[PDB]
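Okay, here we've got a single chain as structure tokens, the form deposited in one PDB entry, with questions on binding and movement later.
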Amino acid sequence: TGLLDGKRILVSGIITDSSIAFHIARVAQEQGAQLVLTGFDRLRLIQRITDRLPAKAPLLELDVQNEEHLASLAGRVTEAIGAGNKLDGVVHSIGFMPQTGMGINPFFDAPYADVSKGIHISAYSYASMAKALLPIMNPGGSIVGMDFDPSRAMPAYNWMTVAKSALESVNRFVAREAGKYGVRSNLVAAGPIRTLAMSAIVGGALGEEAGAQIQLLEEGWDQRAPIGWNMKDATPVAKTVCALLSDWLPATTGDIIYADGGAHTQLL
């Protein structure tokens, strides 16, 4: 009996097979879920990646900065799952911040137009996606977003950390709205995972020193985590997401669950 058996779930944010969304989708399908996928910009590329999943799923284009994509979303999803059918789950695994606002560029040197784009994509779109999809969600349903613990300032992450603080606040308000549908809203705050932008930094995209900086960060996470942290394994966080998509966290909403090996509960 699959954890997510017979549930219909939207998963956004797949760009590579290292994407956390790829692993969320993989585990969900392994647990019997039937998926609808959305992708940004490179849909042909994305489709080839989604071919590696254990099961087939419709792939829809969704640019969360495009108002016309959002307006048509529920209609396009309903055609994909069949009329008379609704979503039980929604996964928001979308996040972006330009190099000016995340990396090595000084905090003061991020122009607002770049930050505002990061906040649009990483924080506001969580409400946009909930607004668009709630009218086609079943009661008892679950919306999950991806978080990165912003309670303390940290080097490099800069304005993406600020965007995550905003996202945390947005999640609380989305929960108010989603409650009217009998739907939960939560974030999973993950530890660092080697996704595309992180692999690039390690590769020297932002210079030699920065690629060393991230590796030390990842190693200090593992020390701090009482049960350790593997930055090349997205599966543990994908399971936490599926747990929130299940009926086993039925009284948790507007909340943040930490899938970081316990590192945030430890000072050293």
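Residues that one form lacks are left out of the comparison. Just so we're on the same page, rigid core means the largest C-alpha set that superposes within 1.5 Å between forms. Each residue number is its position in the shown sequence, starting from 1.
From this point on, the text means the form deposited in another entry, which you will not see here.
Requested in this report: With the two forms aligned on their rigid core, point out which item of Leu53, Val202, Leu60, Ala225 shifts its C-alpha by 2 Å or more between this form and the one not shown.
Outcome: So the only displaced C-alpha belongs to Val202.
Query raised in the report: Taking the rigid core as the reference frame, is the Cα of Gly211 displaced by 2 Å or more between this form and the one not shown?
Result: It does shift by 2 Å or more.
Query raised in the report: With the core fixed, which bits of the chain, 3+ residues long, show every Cα moving 2 Å or more between this form and the one not shown?
Result: The runs that move are 202-204, 206-216.
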